[PDB]
Amino acid sequence: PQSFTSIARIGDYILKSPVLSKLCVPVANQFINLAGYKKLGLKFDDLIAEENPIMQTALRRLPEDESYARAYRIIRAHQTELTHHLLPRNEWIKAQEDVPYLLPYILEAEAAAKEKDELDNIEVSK
Amino acid sequence: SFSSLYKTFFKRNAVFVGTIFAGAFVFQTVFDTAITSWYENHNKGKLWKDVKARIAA
Amino acid sequence: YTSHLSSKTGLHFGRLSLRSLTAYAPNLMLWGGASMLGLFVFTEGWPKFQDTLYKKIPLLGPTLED
Amino acid sequence: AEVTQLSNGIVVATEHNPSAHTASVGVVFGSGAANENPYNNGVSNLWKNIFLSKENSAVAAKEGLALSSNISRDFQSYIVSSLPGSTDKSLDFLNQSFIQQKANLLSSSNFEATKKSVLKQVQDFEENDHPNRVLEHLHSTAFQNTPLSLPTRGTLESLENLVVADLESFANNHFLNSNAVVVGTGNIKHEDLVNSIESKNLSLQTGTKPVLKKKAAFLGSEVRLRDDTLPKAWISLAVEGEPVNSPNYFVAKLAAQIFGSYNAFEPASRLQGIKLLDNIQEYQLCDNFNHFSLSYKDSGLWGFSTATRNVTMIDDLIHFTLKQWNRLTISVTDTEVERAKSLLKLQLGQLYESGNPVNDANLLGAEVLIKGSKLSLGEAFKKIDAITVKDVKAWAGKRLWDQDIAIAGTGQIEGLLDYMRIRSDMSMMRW
Amino acid sequence: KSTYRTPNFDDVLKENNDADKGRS
């Protein structure tokens, strides 16, 4: 387990600088394309572990029209992995369609939980 | 003198367990030696302790 | 106080707080001492362990006789 | 805004306050529903209601002035509110209709109407209400066979056996001049200081209040009324508080503020608070809290009360509250003490400075009879700023470590384990 | 006998003492 606040910090730091961006973004796309979930139908807003309580709240906050699509994607993935085939190369997920919609619903909740868990150990104030 | 001093002595659970264990230790030792003494002197001429002394000459 | 009370945080590993550790420190030490005494009680003394138990208390353990 | 006492036959205390403009002369008696033996329980109630009915009917037609009363344990609080500039009429009426005469008011028809109204009121209080029911039961169970446990209202069996003679005897044995202040809360200054001393403004039967033999006690017991017809549950723990006029009153009150109130149906209460509120919200363990530390001259009680819709998780609520109380005497964060100090300052400021003069009159009478002199809230602030974690630790170790508890809850209580997993768990943690 | 009227427990109550000594 590793919160998305730290991921967001490291990601902004890497991507903002020009030289490290030019040296690191070319390999990230190749890494994703070689990973595998793209063809089998998974969006990265689904592959994350979805059991810990903060992700549970995030899932509880999702609008209907994305939760239903997530349900369809996961059940179809279950089926295709069951049959050992791969999806035909016409209904895959395109490069530009792997947009993160679930990230903000994790960052906001994680920030709230982190900054509430710290608030109990407050001091006398001065 | 069962005033609040003993209640404060019993307030802490950990010292309660420490005291009960120390009492168990001392009780074991003194009780065992007392029982052995009573069992022994209750039989004059029976146990080997004095028999070997008697046979000594 | 006027205006913002300007609170300050405290070291914590999520749940445990440093003040809690300070409060439990004497109790934990004395409970550990009681536990050590209890372990001493449970062991009566071993052939090798008489090397350390004879000198523990001189007014209570003079059982060196045959 | 300074309180002035004296002793000229009858103690007269005044607390000028030019903010409000509803002058309220009053009368307060130091012996109410505790200094009387259980067999005549509702005599104070009968007095209260005959007053509140017939005198209320008479006053408005005579002049313009309301009237109220109160009773808690030893408080024949008895207040006649008025306009700022009509207090002389209030004193004249109070002389001519409360201490003398007591025969024109106590007519047969009026007394019987009061009797039936009181019977109906106590009956439907016993039927409908619940938290006050369990509170009265808590008092009754904590002070068995002590002139402190009989309820403020009474019991129907006790009520039915009263007509005049016992009411008259109580009037002649507790309306003396020894323990009868004349409060003057409102916006009056000195007319109360002089008009209260006149030719005959003096209570009948000058003498002393007959002192009861036994003092008080404490012992744990249950008076549960287990009945499954009612939807919810009710519980009320208790541990012996601190009597008034003791150097532990305010520290006990602080210990009755760390946990604080609660109401699980508010967006502004389910979210703040302390560790127990964090530990309860995961399920619906409870539905209400009410922490309080009641104190009386005989003795005091440090209260607790819930009203839980859930009926199966009662034991977990009880165990968590008991663990919090257990650890209140082992380790308290200094910030918790600070927050308690601030909140308690707010609570006392709100209570003592209510815009309604009647409550201030009541409290002034209470303090002036019990303490002997009012303790100004400023001194309360100065003497509470010095309460340090050492003092709370000492007081909790004295009053909340393996001590008798009294619990008496109506409703559905079968899920509540009876007495050993509700008392012997109150120190189980290895301190 | 009303609900508040507790029965006579004095046949068993430890009226004497009733202090921390019993707990001890």
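Its PDB record attributes the structure to cryo-EM, giving the resolution as 3.2 Å.

**Student:** Can you walk me through the overall build of chain B in this structure?
**Tutor:** Helix and strand counts for chain B stand at three helices and zero strands. Listed by position from the N terminus, the elements making up chain B come as α-α-α. In terms of overall dimensions, chain B is more spread out than a globule: its C-alpha atoms have a radius of gyration of 21 Å, far above the 10 Å expected for 57 residues. Counting only C-alpha atoms and orienting by the principal axes, one finds that chain B spans roughly 65 × 25 × 15 Å. Looking at chain B residue by residue over its 57 residues, the buried ones come to 12%. As presented, chain B carries roughly 4,500 Å² of accessible surface, and 70% of it is formed by carbon and sulfur atoms.

**Student:** Teacher, can you tell me more about the sheet that holds strand 1 (residues 3-4) of chain D here?
**Tutor:** Backbone hydrogen bonds hold the strands of a sheet together, and the pairing may be parallel or antiparallel. All names here are of chain D. The strand order across the open sheet formed by six strands is 1-2-6-3-5-4, and the pairing between neighbours is mixed. Each end of this open sheet is capped by a strand with a single partner; those strands are strand 1 and strand 4 (68-70). Of the pairings in the sheet, the one linking strand 1 to strand 2 (residues 12-15) comprises two bridges and is antiparallel in character. Following the sheet pairing, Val3 is matched in strand 2 by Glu15. Here helix 1 (residues 43-62) sits on the sheet and contacts strand 4 and strand 5 (77-81); the angle it forms with strand 4, its principal contact strand, is near 170°.

**Student:** Quick question: what am I supposed to make of the packing of aromatic side chains here?
**Tutor:** To describe a pair of aromatic rings, one takes the distance between the centres and the angle between the planes. All names here are of chain D. In total, this model carries 25 aromatic pairs over all chains according to the counting rule given. An angle of 85° between the planes, with centres 4.8 Å apart, marks the rings of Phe29 and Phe175 as edge-to-face. Here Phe29, found in strand 3 (residues 24-29), pairs with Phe175, found in the loop between helix 6 (165-174) and strand 6 (180-183); they are 146 residues apart in sequence, far enough to count as distant. For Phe175, a relative accessible area of 6% corresponds to the buried category. Aromatic pair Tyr78 and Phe98: ring centres 3.8 Å apart, planes at 25°, arrangement stacked. A residue pair is termed long-range when its members are at least 10 positions apart, and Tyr78 in strand 5 and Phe98 in helix 2 (residues 87-99) qualify at 20 residues. Using a relative accessible area of 1% as the deciding quantity, one classes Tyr78 as buried.

**Student:** Where do I start with the nonpolar core in this structure?
**Tutor:** Soluble globular proteins tend to pack their nonpolar side chains together in the buried interior. Residue and element names in this part refer to chain D. In terms of nonpolar packing, the biggest core is built from 49 residues, with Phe289 and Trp325 touching the most fellow members. Mapped by element, the contributors of at least two residues to this core are helix 8 (249-255), helix 9 (275-280), helix 10 (314-327), helix 11 (334-352), helix 13 (377-384) and helix 14 (389-399). Sequence-distant contacts of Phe289, that is, excluding residues within four places in its chain, are made with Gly260, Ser261, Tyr262, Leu276, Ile280, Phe304, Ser305, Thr306, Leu317 and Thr321.

**Student:** Help me understand the packing of helix 1 (residues 4-16) of chain A against helix 7 (residues 103-117) of chain A in this model?
**Tutor:** All names here are of chain A. Relative to each other, helix 1 and helix 7 sit at 115°, their axes nearing to 9 Å. In this view, helix 1 runs roughly perpendicular relative to helix 7, as classed from their interaxial angle. Counted together, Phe4, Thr5 and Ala8 of helix 1 and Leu103, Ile106, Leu107 and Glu110 of helix 7 form the full contact between these two elements. A class-by-class count of the residues in the contact of helix 1 with helix 7 yields five nonpolar, one polar and one charged.

**Student:** Would you mind showing me how to read a nonpolar patch on the surface here?
**Tutor:** A contiguous nonpolar patch, built from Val26, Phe27, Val30, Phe31, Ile35 and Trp38 of chain B together with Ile57, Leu59 and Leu60 of chain C and spanning about 900 Å² of accessible area, is present on the exposed surface. As for its placement among the helices and strands, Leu60 of chain C is situated in the segment after helix 2 (50-53).

**Student:** Help me understand the interface of chain A and chain C, please; the structure alone is not making it clear to me.
**Tutor:** Quoted interface sizes are often the accessible area lost when the parts come together. Listed as interface residues are seven residues of chain A and, on the opposing side, eleven residues of chain C. Between chain A and chain C, the buried area comes to about 820 Å², and carbon and sulfur atoms account for 42% of it. Our count for the contact surface shared by chain A and chain C stands at one salt bridge. Two residues, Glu123 of chain A and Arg19 of chain C, come together in a salt bridge whose shortest N-O distance is 2.3 Å. The class makeup of the residues in the side of chain A that touches chain C is one nonpolar, two polar and four charged.

**Student:** Would you mind going over a negative patch on the surface with me for this structure?
**Tutor:** All names here are of chain E. Residues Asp10, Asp11, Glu15 and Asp18 make up a contiguous surface patch of negative charge. Considering the arrangement of structural elements, one finds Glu15 in the segment before helix 1 (20-23). Judged by relative accessible area, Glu15 falls into the exposed class, the value being 64%.

**Student:** What's the story with the UniProt feature "transmembrane region" in chain B in this structure? I'm lost.
**Tutor:** In the UniProt entry, the feature "transmembrane region" is given for residues 17-42 of chain B. Between the end C-alpha atoms of residues 17-42 of chain B the distance is 37 Å, and the span holds 96% helix and 0% strand.

**Student:** Which parts of the structure should I look at to understand the interface of chain D and chain C?
**Tutor:** If you look at the interface, chain D gives six residues, while chain C gives six residues. For the pair chain D and chain C, the summed buried surface comes to about 600 Å²; carbon and sulfur atoms form 55% of the total. The interface formed by chain D and chain C includes zero salt bridges. Where chain D packs against chain C, one counts three residue pairs in polar contact. For the side of chain D that touches chain C, a count of residues per class yields two nonpolar, two polar and two charged.

**Student:** Whenever I open this one, the arrangement of the chains confuses me. Can you help?
**Tutor:** Nowhere do chain A and chain B come into contact; their C-alpha atoms are at least 27 Å apart. Here chain A and chain E are not in contact; the least distance found between their C-alpha atoms is 37 Å.

**Student:** Looking at this model, I keep getting lost on unusual backbone geometry. Mind explaining?
**Tutor:** Only a minority of non-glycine residues have a phi that is not negative, and only a minority of peptide bonds are not trans. Of note, the amide linkage connecting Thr2 of chain C to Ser3 of chain C takes the cis form, showing an omega dihedral of 0°. Structurally, the position occupied by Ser3 of chain C is in the segment before strand 1 (12-13). Each neighbour pair has its own omega, and for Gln100 of chain D with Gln101 of chain D the value is 0°, a cis peptide bond. Tracing the backbone shows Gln101 of chain D in the loop between helix 2 and helix 3 (108-127).

**Student:** Even after reading the chapter, I still don't get the pattern of salt bridges, so can you show me in this structure?
**Tutor:** Side chains that differ in charge, positive against negative, can pair when their charged atoms come close. According to the stated counting rule, one finds 17 salt bridges over all chains in the structure shown. Between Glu222 of chain D and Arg224 of chain D there is a salt bridge, with the nearest N and O atoms lying 3.2 Å from each other. Here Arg224 of chain D falls in the partly exposed class, since its relative accessible area comes to 33%. What you see here is one network of salt bridges that share partners, running through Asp46, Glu50, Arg70 and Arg73 of chain A.

Conventions adopted
- Residues numbered from 1 in each chain as written, not as in the entry; some residues may be left out.
- Chains lettered and ligands numbered in written order.
- Part of a larger assembly, values for the part shown.
- Heavy atoms only, no water.
- Helix = DSSP H or I, 4+ residues; strand = E, 2+ residues; numbered from the N terminus.
- Rg over C-alpha atoms; globule rule 2.2 N^0.38 Å.
- Buried < 20%, exposed > 50% of the residue type's maximum accessible area, 1.4 Å probe, protein only.
- Areas by Shrake-Rupley, 256 points an atom, 1.4 Å probe, with all protein chains shown as cover.
- Pairing = 2+ DSSP bridges.
- Contact = heavy atoms within 4.5 Å.
- Axes fitted to C-alpha atoms, helices over the stretch in contact; angles between N-to-C directions.
- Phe/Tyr/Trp six-rings, centres within 6.5 Å; stacked < 30°, edge-to-face > 60°.
- Core = buried A, V, L, I, M, F, W, Y, C linked by side-chain atoms within 4.5 Å.
- Parallel < 35°, antiparallel > 145°, perpendicular 65-115°, else oblique.
- Nonpolar A, V, L, I, M, F, W, Y, C, P; charged D, E, K, R; others polar.
- Patch = residues over 30% accessible without salt bridge, like charges linked within 9 Å, V, L, I, M, F, W, Y side chains within 5 Å.
- Salt bridge = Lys/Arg side-chain N within 4 Å of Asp/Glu carboxyl O.
- Buried area = accessible area lost by both parts, 1.4 Å probe.
- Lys, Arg positive; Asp, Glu negative; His and termini not counted.
- Charge placed at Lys NZ, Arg CZ, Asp CG, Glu CD.
- UniProt positions renumbered as here; feature names shortened; annotations may be inferred.
- Polar contact = N/O pair within 3.5 Å; in protein donor to acceptor, adjacent residues only side chain to side chain.

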